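*Asks:* I need the structure of the sequence given here:
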Amino acid sequence: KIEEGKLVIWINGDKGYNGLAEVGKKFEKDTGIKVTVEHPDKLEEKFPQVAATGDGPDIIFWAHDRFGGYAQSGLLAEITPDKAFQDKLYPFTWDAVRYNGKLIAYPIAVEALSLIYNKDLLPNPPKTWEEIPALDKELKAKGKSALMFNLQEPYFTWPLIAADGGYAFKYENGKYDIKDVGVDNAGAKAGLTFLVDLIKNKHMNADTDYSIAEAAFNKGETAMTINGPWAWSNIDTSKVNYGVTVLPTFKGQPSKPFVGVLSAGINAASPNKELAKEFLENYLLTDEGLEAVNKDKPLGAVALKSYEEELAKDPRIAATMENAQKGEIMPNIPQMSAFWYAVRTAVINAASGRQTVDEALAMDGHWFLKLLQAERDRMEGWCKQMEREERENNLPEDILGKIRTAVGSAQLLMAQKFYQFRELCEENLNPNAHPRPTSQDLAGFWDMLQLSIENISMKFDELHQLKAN
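*Replies:* Residues are numbered from 1 along each chain as shown. Next comes the structure:
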């Protein structure tokens, strides 16, 4: 049940956990406090599980995108770095660890897609997407391809799609507006249209996946590809003389890839919050701390200004950071599951022809059904959490009333309104009226449903701001 007087850290298996342990030994040498570095399986699944029951590590390292949900569940403590410390990291990274105006984690590393090119086939990579079709024709005459990347996952096509105005969910002071999704707008349309055309004009195949693209580039068959730092080691052994640079612009605007920020959050149940802060602020987030982690497993670009300036001496890291600063921070909320599923479908259908670009990106029944599912999942999660506390502990009197009410309102809303909304959506999807709910009608109902979800969300926050008190 989280021991006091020490620190236990969880970090993923693909990170530099040995170097982290190195920093850990140094902390123990100066303070006498031991630091244990573990890397269990599916820790992103385990953390919330064990954390909800007062257990788990003092510190958890993980992509920032999962932390919004954790904070919403009351699993992370609010961190307290001062103005001087925050000034040591790039501003944009702090925006990735905010939940309802509060800081819930320390940014460590930054990751984003970049344009990777074969210096032998293309010494001067294109600066715009618009000049790629012409470049492809020139290369095709030589049997080569201009560009090949994974068109199956929205993560990979998003940069182009979001370039001229697209975005997932609107962001405001550590809060994402689920009623404001930026997939159905002029910019997102222009982007998917350019991509669609590339496929039509034989410049790309709708079936190109991650492996096909990786194979084509590593075998010198295509002058460029779009991929992340995780693919660099494979290219290094291919011996292809490559370079990494800023993604091409579209309609004059920067491509906007999603940004993932590896972060360190402090377990709300941790009795060692002050030790964790000391360790994170003065031992890990230092040139020496990050250097040790990086030598064990490259972190890519880092959030610490002083050390990134150093790491950026490497053009590839420089490119990653450049693309990351022009990108979109991945929303740190569970409803992104709906976004991923919908956008993927939209692209798949739009590329082939199953639907036009407008129909594909239109927010109809399909989108809302996916969003509703996402809301059901988080709310049911909160209820199980709270009824488990009432079921375990005693905490009689007041708190029980607050729990029953919070849970009661959520379950009714789901058993009643969620049920109705789901049917309205399926009707919207049926061409033969009833009357036929309009996309706008769905939007209106959804915006109303979100008002209710937010209120309930507040009561649960109200409860967490205590625990089982």
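
*Asks:* quick one: residue 14 and residue 300, what's the gap?
*Replies:* 12 Å (CB to CB, to the nearest Å). Any C-beta I mention is one placed from the backbone N, CA and C, and that applies to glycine too.

*Asks:* Equivalent analysis for residue 107, please.
*Replies:* From residue 107 over to residue 300 (counting by CB to CB), the distance is 13 Å.

*Asks:* higher neighbour count, residue 14 and residue 300?
*Replies:* Neighbours around residue 14 and residue 300, counted as other CB atoms under 10 Å, are more numerous at residue 300. The numbers are 23 against 9.

*Asks:* give me every residue that touches the more buried one.
*Replies:* 109-111, 229, 317, 320 (CB atoms under 8 Å, 6 or more residues apart in numbering).

*Asks:* so which of the residues you listed would you say is closest to residue 61?
*Replies:* residue 109 (9.5 Å; CB to CB).

*Asks:* Double-check that that closest one belongs to a helix.
*Replies:* No. Per DSSP: H, G, I helix; E, B strand; the rest coil, residue 109 lies outside any helix segment and is strand.

*Asks:* Wait, it touches residue 297, no?
*Replies:* No. Between residue 109 and residue 297 there is no contact under CB atoms under 8 Å: 10.3 Å.

*Asks:* Of the two, which one has the most company?
*Replies:* Under the criterion of other CB under 10 Å, the comparison of residue 109 against residue 297 puts residue 109 first, with 26 against 17.

*Asks:* quick one: contacts for the more buried one?
*Replies:* Contacts of residue 109 by CB under 8 Å, 6+ apart are 261-262, 299-303.

*Asks:* Count the neighbours of residue 128 for me.
*Replies:* Residue 128, neighbours per other CB under 10 Å, totals 12.

*Asks:* list the helices and strands the host helix or strand of residue 138 packs on?
*Replies:* Taking DSSP states H and E as the criterion, residue 138 maps to helix 132-140. Counting contacts by 3 or more CB pairs under 8 Å, 6 or more residues apart in numbering; DSSP states H and E, helix 132-140 packs against strand 145-147.

*Asks:* Next SSE downstream of the strand it packs on?
*Replies:* Assigned by DSSP H and E, the successor of strand 145-147 is helix 154-163.

*Asks:* And the next helix or strand past that next one?
*Replies:* Next element after helix 154-163 (DSSP H and E): strand 167-172.

*Asks:* so how far is the helix or strand just after that following strand from its chain's centroid?
*Replies:* Using DSSP H and E, the helix or strand that follows strand 167-172 in sequence is strand 175-182. In this view, strand 175-182 has its centroid 15 Å away from the chain centroid, taken as CA atoms, centre = their mean, to the nearest Å.

*Asks:* cool, and stretch 368-379?
*Replies:* 18 Å.

*Asks:* Phi first, then psi, for the nearest residue to residue 59 once chain neighbours are set aside.
*Replies:* Nearest residue to residue 59, sequence neighbours excluded (CB to CB, 6 or more residues apart in numbering): residue 9, at 4.5 Å. Per-residue torsions, residue 9: phi -120, psi 140 (degrees, to the nearest 10).

*Asks:* Quick one: neighbours of residue 9, just the number.
*Replies:* 24.

*Asks:* what pairs with it across the strands?
*Replies:* residue 37, residue 59 (DSSP bridges).

*Asks:* where exactly do the helices run in the stretch 251-400 of the chain?
*Replies:* 273-279, 287-296, 305-311, 315-326, 336-352, 357-361, 365-392, 398-413 (DSSP state H, counting those that start in this stretch).

*Asks:* Let me know the angle separating the fourth one from helix 154-163.
*Replies:* Yep, that's helix 315-326 we're talking about. Per axes from the mean of the first three to the mean of the last three CA atoms, to 10 degrees, the angle that helix 315-326 makes with helix 154-163 is 60 degrees.

*Asks:* Name the residues of the helix holding residue 138 that are buried.
*Replies:* Within helix 132-140, the residues that count as buried by 16 or more other CB atoms under 10 Å are 132-133, 135-136, 139.

*Asks:* Likewise for stretch 31-44?
*Replies:* 33, 35, 37, 39, 43.

*Asks:* Let's see which of those residues end up in strands.
*Replies:* 35, 37 (DSSP state E).

*Asks:* Could you save the buried residues of stretch 31-44 as CSV and add columns showing distance to residue 430?
*Replies:* Formatted as CSV, the buried residues of stretch 31-44 follow (distance: CB to CB, whole Å):
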residue, distance to residue 430
33, 63
35, 59
37, 55
39, 49
43, 43
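
*Asks:* Nearest to residue 20 among the buried residues of stretch 31-44?
*Replies:* Nearest member of the buried residues of stretch 31-44 to residue 20, counting by CB to CB, is residue 37, at 5.1 Å.

*Asks:* residues contacting the closest one?
*Replies:* Contacts of residue 37 (CB under 8 Å, 6+ apart): 9, 11, 17, 20-21, 24.

*Asks:* Would you mind writing the CA trace of stretch 102-112 as CSV?
*Replies:* In CSV, the C-alpha atoms belonging to stretch 102-112 read as follows (Å, rounded to 0.1, in the frame of the first residue of the first chain):
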residue,chain,number,x,y,z
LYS,A,102,-4.2,22.3,-13.0
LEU,A,103,-0.8,20.8,-13.6
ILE,A,104,-0.9,17.0,-13.1
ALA,A,105,2.4,15.8,-14.4
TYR,A,106,6.0,16.7,-15.4
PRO,A,107,6.8,16.8,-19.1
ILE,A,108,9.9,14.7,-20.0
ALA,A,109,10.2,14.0,-23.7
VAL,A,110,8.5,15.1,-27.0
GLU,A,111,7.6,13.0,-30.0
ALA,A,112,6.1,13.8,-33.4
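
*Asks:* Next, the buried residues of that stretch.
*Replies:* So, applying 16+ other CB under 10 Å, buried residues of stretch 102-112: 103-112.
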